[PDB]
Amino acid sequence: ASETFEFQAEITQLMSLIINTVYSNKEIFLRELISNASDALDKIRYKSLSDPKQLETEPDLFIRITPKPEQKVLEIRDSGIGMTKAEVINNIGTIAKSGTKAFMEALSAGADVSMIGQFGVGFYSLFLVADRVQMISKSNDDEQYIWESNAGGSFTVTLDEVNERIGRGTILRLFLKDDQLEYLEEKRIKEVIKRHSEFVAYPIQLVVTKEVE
């Protein structure tokens, strides 16, 4: 059974602002997600300094990108610390965010959407290219949960009984808009990573499907 939660008022405003933007440099969504993944990996690594056993649910530290062309989906996975149900509910929607309103005001004044991460709300950049998102996350401290939003005023959180098991970490599953299908292509993905993510401490893996002939 799913639980439904309302987004804090300014977050809803932010999403609507981002979803309805003709902005021309949307590719920065990937830098933001890779940067979040790297933060989550830094955190499990730092945490394991004083408790090495935390790594054992997923001993490999990586970032993995998987296009699913036939579903028009792009997944970005990490084996970082992941988030508990309570963390997902608290930190991804229901509580007011330090920087939401200030980022919107900066946008109004001519700021580049690229700046969104400097305001601590870069997660929401995913709506530049996706009209719907599932975030699937497994923390060592909780079960696997699915957070979902179509940028309306509410999101859902559901115990996960339908997706592959994550040993530990997070999968961002982006349902791409029809005009943003370029991010399913191996070539384009590599371009964006090389442009915006030159310096990442963790391996970035790209999953590519090809017909044998």
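We number the residues from 1 along the sequence you see.
**Student:** Per the PDB record, is the mean Cα temperature factor higher over 188-196 or over 20-28?
**Tutor:** Stretch with the greater average CA B-factor: 20-28.
**Student:** If you average the CA temperature factors over each stretch, which comes out higher, 52-60 or 158-166?
**Tutor:** Going by the record's values, the stretch with the higher mean is 52-60.
**Student:** Whose C-alpha has the highest temperature factor in the PDB entry: 133, 95, 73, 129?
**Tutor:** Out of 133, 95, 73, 129, the record gives the largest C-alpha B-factor to 95.
**Student:** Have a look at 34, 65, 174, 151 and flag the one whose Cα has the highest B-factor in the entry.
**Tutor:** Of the candidates given, the C-alpha B-factor peaks at 151.
**Student:** What third of the chain does residue 106 rank in for C-alpha temperature factor, lowest, middle or highest?
**Tutor:** Middle third - that is where residue 106 ends up once the chain's C-alpha B-factors are sorted.
**Student:** Please place residue 147 in the lowest, middle or highest third of its chain by C-alpha B factor as given in the entry.
**Tutor:** Ranked within chain, residue 147 CA B lands in the lowest tercile.
**Student:** Ranking the modelled residues of this chain by C-alpha B-factor as given in the entry, is residue 204 in the lowest, middle or highest third?
**Tutor:** Its C-alpha B-factor, which the entry lists for residue 204, ranks in the lowest third among residues of this chain.
**Student:** Ranking every modelled residue in this chain by its Cα temperature factor as given in the entry, which third contains residue 140?
**Tutor:** It belongs to the highest third of the chain when residues are ordered by C-alpha B-factor.
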